[PDB]
Amino acid sequence: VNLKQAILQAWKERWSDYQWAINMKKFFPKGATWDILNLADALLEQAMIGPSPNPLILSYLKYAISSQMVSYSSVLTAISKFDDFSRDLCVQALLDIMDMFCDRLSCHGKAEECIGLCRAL
Amino acid sequence: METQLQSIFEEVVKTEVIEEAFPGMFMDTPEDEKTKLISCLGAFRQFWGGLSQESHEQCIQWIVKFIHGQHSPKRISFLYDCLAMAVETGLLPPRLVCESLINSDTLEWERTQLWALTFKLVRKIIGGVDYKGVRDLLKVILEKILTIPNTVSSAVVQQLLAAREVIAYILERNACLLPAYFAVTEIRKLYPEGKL
Amino acid sequence: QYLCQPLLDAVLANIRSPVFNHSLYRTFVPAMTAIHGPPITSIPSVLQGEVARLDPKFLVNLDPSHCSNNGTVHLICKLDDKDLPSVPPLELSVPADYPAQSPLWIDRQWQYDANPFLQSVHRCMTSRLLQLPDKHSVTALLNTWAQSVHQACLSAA
Amino acid sequence: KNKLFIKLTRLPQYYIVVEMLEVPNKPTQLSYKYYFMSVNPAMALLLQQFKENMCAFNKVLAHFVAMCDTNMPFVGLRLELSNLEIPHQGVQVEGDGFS
């Protein structure tokens with residue numbers, strides 16, 4: 001039902017990232033580009049609870065960036081809302097996630113998405 | 001007999017391409033691809049099992065003119081895999097294939113995919129020739145390379161460079177395909193002193 | 001031939017004279033008109049045909065980027081299917097004079113890194129591309145893409 | 001040496017070859033391997049093995065035979081279209097899955 005419950009079921013029964021993608025499609029008929037539903041926010045919240053991120057939900061977010069499920073703008077905003085900064089491991093994970101899409105950073109959509117990418121940068 | 005050769009060759013290419021054309025798990029990709037190549041090799045072995053020594057070479061000229069008469073590069077590479085397994089299994093003497101491949105007048109540098117696949121196959125099968133045959137092959141490969149202009153297109157240059165790896169393999173000193181004195185004698189007969 | 005030859009010899013003797021049809025008229029029209037009476041009482045559409053017939057898995061659209069309304073055309077497709085996982089969008093460059101030649105798949109190696117699964121997708125896709133016959137369509141590329149995604153799901157699990 | 005050659009009769013020159021092998025641990029089970037031979041003094045031409053994936057029906061072999069017999073008519077048509085150079089999209093599943 002909620003995105004938190006779907007991600008958490010994906011953590012409970014060990015789902016590989018593509019099986020997570022399929023079952024995430026099946027749980028939600030309207031895709032809504034997954035950014036209306038804030039996939040990046042929920043994945044970052046339930047990945048960055050420990051002192052070190054659990055590699056499962058980070059694998060889910062890295063697949064959801066490398067495959068184009070989630071726009072770069074929602075990821076950059078959800079990265080921007082983290083701070084805390086006392087943990088170096090979560091910060092290094094966020095910088096590897098930024099190392100994925102940065103230098104590429106190419107929106108192919110409406111101009112409002114490009115303005116959103118500007119504000120997100 | 002010429003008609004027999006024509007029939008076997010036509011049917012092998014058409015059949016192998018078309019059954020593989022529809023990929024309904026017909027095949028397992030790793031070494032079963034090698035087994036389909038074995039299948040063309042066996043069809044070639046049956047065809048060869050019926051010929052005299054003096055007639056050993058005119059059929060090979062027909063084979064290479066039929067391969068070079070093709071247009072689809074997948075068809076050409078499938079018949080070159082057939083010729084490679086026909087040499088590798090010991091059925092064919094590995095000097096007639098190389099000579100009739102290079103001395104074929106359809107082998108021009110403008111047929112760049114044919115150029116690349118041909119010189120790839122000669123790189124595969126040159127390791128078994130005796131040294132005098134390697135010397136004559138060196139001469140005819142240099143004379144084939146000599147027909148390229150000073151300037152060619154920027155896309156065809158890598159497929160043209162497939163002859164350079166055959167040349168680098170022959171003139172390699174550790175591989176010892178032939179005495180290196182023979183190699184420099186053929187070269188200096190073709191590029192005498194003062195010629196770039 | 002037989003029973004008709006002297007007509008053929010006369011007419012083939014007298015071609016290239018500018019008064020030829022005058023001669024035929026004067027020698028033939030009064031007999032015929034006496035007996036028979038007087039005379040009588042942006043995007044090339046092949047690609048629209050392909051795209052209009054595609055399965056609703058694919059969602060083919062034109063690139064916002066790239067030259068438009070000129071020789072070659074450029075496509076960014078998609079993939080929607082509950083069975084298949086979400087994958088990188090795929091970029092196609094269809095030449096002008098599209099049939100009698102094969103379209104080209106714009107390769108993006110960098111997004112097919114950073115996962116094992118997308119690496120398997122890419123390896124299997126290049127394999128089926130080498131397996132393809134020449135002068136294939138767009139739909140052959142799209143179907144090898146979907147079959148590649150399916151094999152990379154099965155090989156992984 | 002334990003094989004079974006199933007010739008298709010609507011289109012000859014096509015054989016499905018079942019090879020039966022013993023699974024090593026289970027002594028009361030068999031393992032099947034399905035090959036696809038084609039034939040021209042008859043000669044073999046090629047072989048490919050199919051992918052793996054009251055029980056006396058063996059549903060997989062019936063499926064492979066039906067699949068070959070409904071698909072292989074299109075391969076000759078694909079070749080005869082290509083010899084007259086009519087551009088076509090390839091043999092495709094059409095709309096629903098069952099065509």
# chains A, B, ... in the order shown; residues from 1 in each chain; ligands from 1
>>> interface_residues(of="chain D", to="chain C", cutoff="12 Å", atoms="only C-alpha atoms", output="PyMOL selection string")
chain D and resi 51-53+78-79+82+84-97
>>> closest_atom_pairs(of="chain D", to="chain B", cutoff="12 Å", atoms="only C-alpha atoms", output="Markdown table")
| residue | atom | partner | partner_atom | distance |
| --- | --- | --- | --- | --- |
| D:13 | CA | B:15 | CA | 10.1 |
| D:14 | CA | B:19 | CA | 10.2 |
| D:16 | CA | B:26 | CA | 10.8 |
| D:33 | CA | B:28 | CA | 11.7 |
| D:34 | CA | B:26 | CA | 9.5 |
| D:35 | CA | B:26 | CA | 8.1 |
| D:36 | CA | B:26 | CA | 7.1 |
| D:37 | CA | B:39 | CA | 9.5 |
| D:38 | CA | B:15 | CA | 7.9 |
| D:39 | CA | B:15 | CA | 9.5 |
| D:40 | CA | B:11 | CA | 8.3 |
| D:41 | CA | B:46 | CA | 10.0 |
| D:42 | CA | B:46 | CA | 10.2 |
| D:43 | CA | B:43 | CA | 7.0 |
| D:44 | CA | B:43 | CA | 6.9 |
| D:45 | CA | B:39 | CA | 5.5 |
| D:46 | CA | B:39 | CA | 4.5 |
| D:47 | CA | B:36 | CA | 5.8 |
| D:48 | CA | B:27 | CA | 4.5 |
| D:49 | CA | B:27 | CA | 5.1 |
| D:50 | CA | B:26 | CA | 5.1 |
| D:51 | CA | B:25 | CA | 5.7 |
| D:52 | CA | B:25 | CA | 9.3 |
| D:53 | CA | B:25 | CA | 9.9 |
| D:64 | CA | B:24 | CA | 9.8 |
| D:67 | CA | B:24 | CA | 8.8 |
| D:68 | CA | B:24 | CA | 9.1 |
| D:71 | CA | B:22 | CA | 8.7 |
| D:72 | CA | B:19 | CA | 8.1 |
| D:73 | CA | B:19 | CA | 11.1 |
| D:74 | CA | B:22 | CA | 9.3 |
| D:75 | CA | B:18 | CA | 6.3 |
| D:76 | CA | B:18 | CA | 8.0 |
| D:77 | CA | B:18 | CA | 10.4 |
| D:78 | CA | B:18 | CA | 8.4 |
| D:79 | CA | B:18 | CA | 7.5 |
| D:80 | CA | B:14 | CA | 11.1 |
| D:82 | CA | B:18 | CA | 11.3 |
| D:83 | CA | B:14 | CA | 11.3 |
| D:90 | CA | B:22 | CA | 8.8 |
| D:91 | CA | B:22 | CA | 7.5 |
| D:92 | CA | B:22 | CA | 9.4 |
| D:93 | CA | B:22 | CA | 11.4 |
>>> write_last_selection(atoms="N, CA and C atoms", output="short mmCIF file (atom, residue, chain, number, x, y, z; two decimals), in the first residue's frame")
data_model
loop_
_atom_site.label_atom_id
_atom_site.label_comp_id
_atom_site.auth_asym_id
_atom_site.auth_seq_id
_atom_site.Cartn_x
_atom_site.Cartn_y
_atom_site.Cartn_z
N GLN D 13 12.78 -33.10 -43.83
CA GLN D 13 14.10 -32.55 -43.55
C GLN D 13 14.16 -31.91 -42.18
N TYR D 14 13.29 -32.28 -41.26
CA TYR D 14 13.30 -31.73 -39.92
C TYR D 14 13.00 -32.81 -38.90
N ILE D 16 13.26 -33.87 -34.64
CA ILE D 16 13.49 -33.55 -33.24
C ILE D 16 14.05 -34.80 -32.58
N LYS D 33 16.98 -34.61 -23.33
CA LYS D 33 17.67 -33.55 -24.05
C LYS D 33 17.12 -33.51 -25.45
N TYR D 34 16.63 -32.36 -25.86
CA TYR D 34 15.95 -32.22 -27.14
C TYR D 34 16.86 -31.47 -28.10
N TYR D 35 17.12 -32.07 -29.24
CA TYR D 35 17.91 -31.46 -30.29
C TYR D 35 17.05 -31.26 -31.52
N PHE D 36 17.50 -30.38 -32.40
CA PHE D 36 16.77 -30.06 -33.62
C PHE D 36 17.68 -30.32 -34.80
N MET D 37 17.52 -31.46 -35.46
CA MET D 37 18.37 -31.81 -36.57
C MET D 37 17.68 -31.42 -37.87
N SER D 38 18.45 -31.17 -38.92
CA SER D 38 17.94 -31.02 -40.27
C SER D 38 18.79 -31.87 -41.19
N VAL D 39 18.20 -32.31 -42.29
CA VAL D 39 18.72 -33.43 -43.06
C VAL D 39 18.59 -33.13 -44.55
N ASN D 40 19.60 -33.48 -45.33
CA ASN D 40 19.40 -33.58 -46.78
C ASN D 40 18.98 -34.97 -47.21
N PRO D 41 21.79 -42.32 -48.53
CA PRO D 41 22.86 -41.36 -48.24
C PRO D 41 22.35 -39.99 -47.81
N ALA D 42 21.64 -39.96 -46.69
CA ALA D 42 21.15 -38.71 -46.11
C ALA D 42 22.22 -38.16 -45.19
N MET D 43 22.34 -36.83 -45.15
CA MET D 43 23.38 -36.16 -44.38
C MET D 43 22.75 -35.38 -43.24
N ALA D 44 23.43 -35.34 -42.10
CA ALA D 44 23.08 -34.36 -41.08
C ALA D 44 23.52 -32.98 -41.53
N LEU D 45 22.82 -31.95 -41.07
CA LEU D 45 23.17 -30.58 -41.41
C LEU D 45 23.51 -29.72 -40.21
N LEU D 46 22.66 -29.69 -39.19
CA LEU D 46 22.93 -28.89 -38.01
C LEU D 46 22.20 -29.48 -36.82
N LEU D 47 22.57 -29.00 -35.64
CA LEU D 47 22.00 -29.43 -34.38
C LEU D 47 22.04 -28.26 -33.41
N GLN D 48 20.92 -28.01 -32.74
CA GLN D 48 20.92 -27.12 -31.60
C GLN D 48 20.11 -27.76 -30.50
N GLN D 49 20.51 -27.51 -29.27
CA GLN D 49 19.82 -28.04 -28.11
C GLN D 49 18.88 -26.98 -27.58
N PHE D 50 17.67 -27.38 -27.22
CA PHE D 50 16.75 -26.42 -26.63
C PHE D 50 17.09 -26.18 -25.16
N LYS D 51 16.61 -25.02 -24.70
CA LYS D 51 16.83 -24.66 -23.28
C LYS D 51 16.00 -25.58 -22.40
N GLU D 52 16.47 -25.82 -21.19
CA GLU D 52 15.79 -26.66 -20.19
C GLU D 52 14.47 -26.00 -19.80
N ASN D 53 14.48 -24.87 -19.11
CA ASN D 53 13.27 -24.16 -18.69
C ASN D 53 13.58 -22.69 -18.43
N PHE D 64 7.34 -28.87 -27.82
CA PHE D 64 8.38 -28.56 -28.79
C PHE D 64 7.98 -28.99 -30.18
N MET D 67 5.48 -26.52 -31.43
CA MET D 67 6.14 -25.25 -31.69
C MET D 67 6.90 -25.26 -33.00
N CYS D 68 7.63 -26.35 -33.26
CA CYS D 68 8.32 -26.49 -34.54
C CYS D 68 7.34 -26.55 -35.70
N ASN D 71 5.83 -23.08 -36.27
CA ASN D 71 6.70 -21.95 -36.54
C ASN D 71 7.46 -22.12 -37.84
N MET D 72 8.04 -23.28 -38.07
CA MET D 72 8.85 -23.56 -39.26
C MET D 72 8.21 -23.35 -40.63
N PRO D 73 6.89 -23.31 -40.82
CA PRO D 73 6.38 -22.80 -42.10
C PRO D 73 6.73 -21.36 -42.39
N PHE D 74 6.97 -20.53 -41.38
CA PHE D 74 7.26 -19.13 -41.64
C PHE D 74 8.70 -18.92 -42.07
N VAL D 75 9.59 -19.86 -41.80
CA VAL D 75 10.99 -19.67 -42.12
C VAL D 75 11.23 -19.74 -43.62
N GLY D 76 10.58 -20.71 -44.28
CA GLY D 76 10.64 -20.76 -45.73
C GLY D 76 10.01 -19.56 -46.39
N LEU D 77 8.95 -19.02 -45.80
CA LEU D 77 8.34 -17.82 -46.34
C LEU D 77 9.25 -16.61 -46.16
N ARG D 78 9.95 -16.55 -45.02
CA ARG D 78 10.92 -15.45 -44.77
C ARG D 78 12.02 -15.51 -45.83
N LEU D 79 12.52 -16.71 -46.16
CA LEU D 79 13.57 -16.83 -47.17
C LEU D 79 13.06 -16.48 -48.56
N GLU D 80 11.85 -16.91 -48.91
CA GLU D 80 11.34 -16.61 -50.24
C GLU D 80 10.94 -15.15 -50.38
N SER D 82 12.77 -12.83 -48.84
CA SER D 82 14.05 -12.15 -48.91
C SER D 82 14.73 -12.36 -50.26
N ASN D 83 14.43 -13.45 -50.96
CA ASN D 83 15.01 -13.63 -52.28
C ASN D 83 14.40 -12.69 -53.31
N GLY D 90 10.39 -9.06 -39.26
CA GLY D 90 10.60 -10.49 -39.15
C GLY D 90 9.38 -11.22 -38.64
N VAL D 91 9.54 -12.54 -38.52
CA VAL D 91 8.49 -13.37 -37.96
C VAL D 91 8.25 -12.97 -36.53
N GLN D 92 7.07 -12.43 -36.25
CA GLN D 92 6.82 -11.85 -34.95
C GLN D 92 5.59 -12.49 -34.35
N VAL D 93 5.55 -12.53 -33.03
CA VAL D 93 4.31 -12.85 -32.34
C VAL D 93 3.38 -11.66 -32.48
#
>>> residues_around(residues="segment 122-129 of chain B", least_positions_apart="5", cutoff="12 Å", atoms="only C-alpha atoms", output="number ranges by chain")
B: 80-81, 83-90, 92-102, 115-117, 134-138, 141, 162-170, 175-178
>>> closest_atom_pairs(of="chain C", to="chain B", cutoff="8 Å", atoms="only C-alpha atoms", output="JSON lines")
{"residue": "C:131", "atom": "CA", "partner": "B:21", "partner_atom": "CA", "distance": 7.7}
{"residue": "C:132", "atom": "CA", "partner": "B:21", "partner_atom": "CA", "distance": 7.1}
{"residue": "C:133", "atom": "CA", "partner": "B:21", "partner_atom": "CA", "distance": 7.1}
{"residue": "C:134", "atom": "CA", "partner": "B:72", "partner_atom": "CA", "distance": 6.8}
>>> interface_residues(of="chain C", to="chain A", cutoff="6 Å", atoms="only C-alpha atoms", output="PDB file with N, CA, C and O atoms, in the first residue's frame")
ATOM      1  N   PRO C  85      11.546  -6.071 -16.170  1.00  0.00           N
ATOM      2  CA  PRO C  85      11.977  -4.986 -15.286  1.00  0.00           C
ATOM      3  C   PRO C  85      12.172  -3.666 -16.036  1.00  0.00           C
ATOM      4  O   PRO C  85      12.345  -3.711 -17.238  1.00  0.00           O
ATOM      5  N   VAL C  87      14.127  -0.698 -17.654  1.00  0.00           N
ATOM      6  CA  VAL C  87      15.499  -0.754 -18.241  1.00  0.00           C
ATOM      7  C   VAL C  87      15.852   0.606 -18.857  1.00  0.00           C
ATOM      8  O   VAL C  87      14.936   1.431 -19.007  1.00  0.00           O
ATOM      9  N   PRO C  88      17.135   0.899 -19.186  1.00  0.00           N
ATOM     10  CA  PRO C  88      17.496   2.149 -19.861  1.00  0.00           C
ATOM     11  C   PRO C  88      16.708   2.331 -21.164  1.00  0.00           C
ATOM     12  O   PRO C  88      16.545   1.366 -21.876  1.00  0.00           O
TER      13      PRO C  88
END
>>> select_by_dssp(residues="segment 64-180 of chain B", states="alpha helix (DSSP H)", output="ChimeraX atom specification")
/B:64-68,73-88,96-102,112-125,131-145,157-160,162-170,180
>>> residues_around(residues="segment 94-96 of chain A", least_positions_apart="5", cutoff="10 Å", atoms="only C-alpha atoms", output="PyMOL selection string")
chain A and resi 44+48+53+58+62+76+79-80+82+88-89+101-102
>>> write_last_selection(atoms="N, CA and C atoms", output="PDB file, in the first residue's frame")
ATOM      1  N   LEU A  44      15.731   6.683   0.484  1.00  0.00           N
ATOM      2  CA  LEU A  44      16.818   7.272   1.251  1.00  0.00           C
ATOM      3  C   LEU A  44      16.527   7.241   2.743  1.00  0.00           C
ATOM      4  N   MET A  48      19.097   5.157   5.084  1.00  0.00           N
ATOM      5  CA  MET A  48      20.004   5.911   5.924  1.00  0.00           C
ATOM      6  C   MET A  48      19.572   5.956   7.378  1.00  0.00           C
ATOM      7  N   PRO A  53      24.630   2.426   5.662  1.00  0.00           N
ATOM      8  CA  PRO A  53      23.435   2.079   4.896  1.00  0.00           C
ATOM      9  C   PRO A  53      23.362   0.591   4.633  1.00  0.00           C
ATOM     10  N   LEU A  58      20.203   0.498  -0.823  1.00  0.00           N
ATOM     11  CA  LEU A  58      21.071   1.257  -1.712  1.00  0.00           C
ATOM     12  C   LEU A  58      21.159   0.624  -3.082  1.00  0.00           C
ATOM     13  N   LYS A  62      20.251   2.556  -6.499  1.00  0.00           N
ATOM     14  CA  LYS A  62      21.190   2.645  -7.609  1.00  0.00           C
ATOM     15  C   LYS A  62      20.614   2.026  -8.875  1.00  0.00           C
ATOM     16  N   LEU A  76      18.261  14.387  -6.356  1.00  0.00           N
ATOM     17  CA  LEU A  76      19.120  15.448  -5.851  1.00  0.00           C
ATOM     18  C   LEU A  76      18.451  16.222  -4.728  1.00  0.00           C
ATOM     19  N   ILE A  79      18.667  13.870  -1.688  1.00  0.00           N
ATOM     20  CA  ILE A  79      20.024  13.945  -1.176  1.00  0.00           C
ATOM     21  C   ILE A  79      20.217  15.228  -0.391  1.00  0.00           C
ATOM     22  N   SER A  80      19.635  16.326  -0.875  1.00  0.00           N
ATOM     23  CA  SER A  80      19.805  17.614  -0.215  1.00  0.00           C
ATOM     24  C   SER A  80      19.142  17.661   1.155  1.00  0.00           C
ATOM     25  N   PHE A  82      19.223  15.592   3.639  1.00  0.00           N
ATOM     26  CA  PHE A  82      19.744  14.552   4.563  1.00  0.00           C
ATOM     27  C   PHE A  82      20.534  15.169   5.717  1.00  0.00           C
ATOM     28  N   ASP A  88      30.090   9.369   8.484  1.00  0.00           N
ATOM     29  CA  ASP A  88      30.805   9.526   7.230  1.00  0.00           C
ATOM     30  C   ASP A  88      30.379   8.485   6.212  1.00  0.00           C
ATOM     31  N   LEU A  89      29.854   7.348   6.675  1.00  0.00           N
ATOM     32  CA  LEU A  89      29.558   6.262   5.755  1.00  0.00           C
ATOM     33  C   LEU A  89      28.332   6.571   4.914  1.00  0.00           C
ATOM     34  N   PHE A 101      25.163   9.912 -11.370  1.00  0.00           N
ATOM     35  CA  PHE A 101      24.456  10.651 -12.410  1.00  0.00           C
ATOM     36  C   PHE A 101      25.121  11.974 -12.759  1.00  0.00           C
ATOM     37  N   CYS A 102      26.004  12.484 -11.901  1.00  0.00           N
ATOM     38  CA  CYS A 102      26.639  13.751 -12.223  1.00  0.00           C
ATOM     39  C   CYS A 102      27.616  13.553 -13.371  1.00  0.00           C
TER      40      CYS A 102
END
>>> atom_distance(atom1="atom CA of residue 84 of chain A", atom2="atom CA of residue 98 of chain A")
17.4 Å
>>> atom_distance(atom1="atom CA of residue 58 of chain B", atom2="atom CA of residue 91 of chain B")
16.0 Å
>>> atom_distance(atom1="atom CA of residue 70 of chain D", atom2="atom CA of residue 7 of chain D")
14.4 Å
>>> closest_residue(among="B:65, B:189, B:139, B:45", to="residue 105 of chain B", atoms="only C-alpha atoms")
B:65
